[PDB]
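Down below is the structure, laid out as structure tokens.
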Amino acid sequence: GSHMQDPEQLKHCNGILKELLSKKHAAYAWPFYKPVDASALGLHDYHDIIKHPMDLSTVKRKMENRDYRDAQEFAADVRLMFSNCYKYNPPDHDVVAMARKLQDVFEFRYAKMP
Ligand SMILES: Cn1c(=O)c2c(ncn2CC2OCCO2)n(C)c1=O
Ligand SMILES: Cn1c(=O)c2c(ncn2CC2OCCO2)n(C)c1=O
């Protein structure tokens, strides 16, 4: 059920999303800007292992289309994106190091939900 706080909380989520996409974090956020192109990268098992792909461009489209009804739904998608990275890649892979840094940006600001 929708709560009167949902629009304001979604604005906070949109602000986080803008930050994740901003130049400030680009050095480690860039792998997450677009869907994993498994075939281009030679990752021919990616879609057998990752059943629910997610990335920041998809989160952005869902936010712009008013798909997310509340902050929790938004956060589940952002976390899904990171979890897919941790599931597919060895934990010492550089993309995992980048995911951990971007997730730290996300979690600390999500925790500041007004
Ligand atoms: C392959 N590769 C990128 O694609 C990239 C990048 N730094 C940023 N990006 C992403 C680019 O910025 C705007 C959206 O695409 N670097 C260092 C890189 O190696
Ligand atoms: C999330 N994600 C990527 O974005 C990715 C990738 N393999 C390549 N890329 C694109 C870029 O190349 C070097 C760092 O990320 N994998 C396995 C992955 O999980």
Side-chain angles (χ1 to χ4, degrees):
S2 67
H3 193 282
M4 63 184 295
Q5 79 202 342
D6 287 340
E8 193 196 356
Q9 294 195 342
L10 284 171
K11 296 283 190 157
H12 184 67
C13 291
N14 196 50
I16 295 168
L17 176 61
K18 285 289 311 202
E19 177 171 358
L20 298 183
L21 291 166
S22 71
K23 183 211 219 292
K24 172 171 160 199
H25 302 298
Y28 37 94
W30 70 264
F32 310 100
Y33 284 173
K34 286 299 153 64
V36 175
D37 190 335
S39 64
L41 294 170
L43 309 179
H44 302 302
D45 55 352
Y46 187 82
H47 293 288
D48 299 285
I49 292 164
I50 299 307
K51 301 92 140 194
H52 297 108
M54 186 55 56
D55 72 284
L56 294 174
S57 76
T58 300
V59 176
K60 180 181 183 260
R61 185 200 70 231
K62 288 176 70 168
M63 183 70 59
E64 291 170 336
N65 263 109
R66 309 188 67 181
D67 198 320
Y68 298 122
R69 296 192 66 220
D70 48 67
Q72 293 69 28
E73 193 185 350
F74 163 88
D77 262 358
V78 176
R79 289 164 175 157
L80 171 62
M81 175 186 79
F82 292 126
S83 297
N84 288 340
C85 186
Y86 307 145
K87 181 180 196 185
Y88 182 78
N89 295 287
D92 57 341
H93 197 291
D94 189 51
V95 75
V96 172
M98 301 158 92
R100 293 182 59 200
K101 288 164 66 173
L102 196 65
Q103 184 156 26
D104 182 273
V105 176
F106 170 74
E107 294 295 341
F108 276 79
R109 192 169 172 197
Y110 187 72
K112 297 175 176 47
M113 178 67 82

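The first residue in the sequence is number 1, and the count goes up from there. Hydrogens, waters and symmetry mates are skipped; everything else that's a heavy atom, side chains included, is used.
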Quiz item: Please, which pairs that meet side chain to side chain donor-acceptor pair (under 3.5 Å) have at least one residue in residues 2-16, sequence neighbours excluded?
Solution: none
Quiz item: Side-chain contact, heavy-atom cut-off 4.5 Å: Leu56 with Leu17?
Solution: yes
Quiz item: Do the non-hydrogen side-chain atoms of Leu80 and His52 ever get within less than 4.5 Å of each other?
Solution: yes
Under 3.5 Å, which donor-acceptor pairs do the side chains of residues 21-29 form with other protein atoms, sequence neighbours left out?
{"from": "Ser22", "atom 1": "OG", "to": "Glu19", "atom 2": "O", "distance (Å)": "2.7"}
{"from": "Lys24", "atom 1": "NZ", "to": "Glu19", "atom 2": "OE2", "distance (Å)": "3.0"}
{"from": "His25", "atom 1": "ND1", "to": "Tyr28", "atom 2": "OH", "distance (Å)": "2.7"}
{"from": "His25", "atom 1": "NE2", "to": "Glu19", "atom 2": "OE2", "distance (Å)": "2.8"}

Quiz prompt | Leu43 vs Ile50, side chain to side chain contact (heavy atoms under 4.5 Å, CB included): CA-CA, chis, key distance, verdict | solution = CA-CA 11 Å; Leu43 309 179; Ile50 299 307; over 6 Å; no
Quiz item: Considering residues at least two apart in sequence or located in another chain, which fulfil the ring-ring contact (aromatic ring centres under 6.0 Å, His included) criterion with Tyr46?
Solution: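 So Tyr46 forms a ring-ring contact (aromatic ring centres under 6.0 Å, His included) with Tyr88.
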Quiz item: If you round to the nearest 0.5 Å, how far is SG of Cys13 from CD of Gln72?
Solution: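 SG of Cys13 is found 8.0 Å from CD of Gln72.
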Practice problem: Please list, chain by chain and in numerical order, all residues satisfying side chain to side chain donor-acceptor pair (under 3.5 Å) with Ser83, sequence neighbours excluded. | Solution: none
Transitively linked via ILVMFWY side-chain contacts under 4.5 Å: [X] with [Y]?
X: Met54; Y: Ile16; result: yes
X: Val36; Y: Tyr33; result: no
X: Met81; Y: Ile49; result: no

Exercise. Could you tell me which residues satisfy salt bridge (charged side-chain N to carboxylate O under 4.0 Å, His left out) with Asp77, sequence neighbours excluded, listed by chain and number?
Key: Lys62
Quiz prompt | Pairs touching residues 64-73 that satisfy salt bridge (charged side-chain N to carboxylate O under 4.0 Å, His left out), sequence neighbours left out | solution = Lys60-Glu64
Quiz prompt | Qualifying salt bridge (charged side-chain N to carboxylate O under 4.0 Å, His left out) pairs, either residue in residues 29-47, two or more places apart | solution = none
Practice problem: Could you label the plane-to-plane angle of the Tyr68 and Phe74 rings as parallel, tilted or perpendicular, counting under 30° as parallel and over 60° as perpendicular? | Solution: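 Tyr68 vs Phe74 ring planes: perpendicular.
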Self-check item: Shortest non-hydrogen separation from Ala71 to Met113 and the atoms involved
Solution: CB-CE, 3.4 Å
Practice problem: Tell me, please, which residues at least two apart from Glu107 pass side-chain contact (heavy atoms from CB on, under 4.5 Å). | Solution: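 Once residues adjacent in sequence are excluded, the partners of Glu107 under the side-chain contact (heavy atoms from CB on, under 4.5 Å) criterion are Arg79, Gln103.
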Quiz item: By side-chain contact (heavy atoms from CB on, under 4.5 Å), which residues pair with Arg61, not counting sequence neighbours?
Solution: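 With neighbours one apart ignored, the set is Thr58, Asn65.
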Using distance only, find each side-chain donor-acceptor pair of residues 89-99 under 3.5 Å and give its atom names and separation, not counting sequence neighbours.
{"from": "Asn89", "atom 1": "ND2", "to": "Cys85", "atom 2": "O", "distance (Å)": "3.0"}
{"from": "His93", "atom 1": "ND1", "to": "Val95", "atom 2": "N", "distance (Å)": "2.9"}

